[PDB]
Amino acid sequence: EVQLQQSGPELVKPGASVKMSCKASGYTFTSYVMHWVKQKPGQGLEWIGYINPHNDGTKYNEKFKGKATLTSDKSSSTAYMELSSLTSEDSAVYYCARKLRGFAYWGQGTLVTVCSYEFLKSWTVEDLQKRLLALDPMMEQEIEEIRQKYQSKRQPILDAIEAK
């Protein structure tokens, strides 16, 4: 089975760089051009560019010259994309996809989150640690609300199945 296996989520500060990976298996890596697409959450697909692993040739959307750098390594059957000097406009899911007659095979996508300090130096060490721990139940509260939202949506389907 063809699989485009992309690297896990990335957590970056503004201005940093991130290099992500797309490991193909189940076909001859060098026989196909590898494309990359950006998708900001809740918005459209943007085409970044491609690399041809057979000869390392690359093409870039003008909207991404300098922002993205595409490479590949034949021995590892892996395509890489490096994004430089990140901003909040770069936080998005990044997909690799194999093209022949179109984008038939897609990776699962790599999520890049660009986060934000000073004033915290006024705090004591114990005050920082207590606040770090207070974050954990706060996360769980948010996640538990999401879980219940989806429990509500599932139950009528689950009921229709039970009453078959």
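Sequential numbering from 1, following the sequence displayed.
A.B. asks: For the step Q129 to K130, what size class fits the number of deposited residues with no coordinates, none, 1 to 3, 4 to 9, or 10 or more?
C.D. replies: In the deposited sequence, nothing is left without coordinates between these two.
A.B. asks: So, looking at the entry's B-factor column for Cα atoms, which has the higher mean, 105-113 or 129-137?
C.D. replies: Taking the mean B-factor of the alpha carbons in each, 129-137 is higher.
A.B. asks: Look over 58-66 and 25-33 in the entry and identify the one with the greater average Cα temperature factor.
C.D. replies: Comparing 58-66 with 25-33, the higher mean C-alpha B-factor belongs to 58-66.
A.B. asks: Comparing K40 with the other modelled residues of its chain, is its CA B-factor in the lowest, middle or highest third?
C.D. replies: Its C-alpha B-factor, which the entry lists for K40, ranks in the middle third among residues of this chain.
A.B. asks: Taking the C-alpha B-factors as the PDB entry records them, is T71 in the lowest, middle or highest third of its chain?
C.D. replies: Answer is lowest: the recorded C-alpha B-factor places it there.
A.B. asks: Could you place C96 in the lowest, middle or highest third of its chain by Cα temperature factor, using the values in the record?
C.D. replies: CA B-factor rank for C96: lowest third.
A.B. asks: For the chain shown, is the CA B-factor of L11 in the lowest, middle or highest third of its modelled residues?
C.D. replies: Highest third of the chain for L11's C-alpha B-factor.
A.B. asks: Considering every modelled residue of the chain and its Cα B-factor in the PDB entry, is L120 in the lowest, middle or highest third?
C.D. replies: Answer is highest: the recorded C-alpha B-factor places it there.
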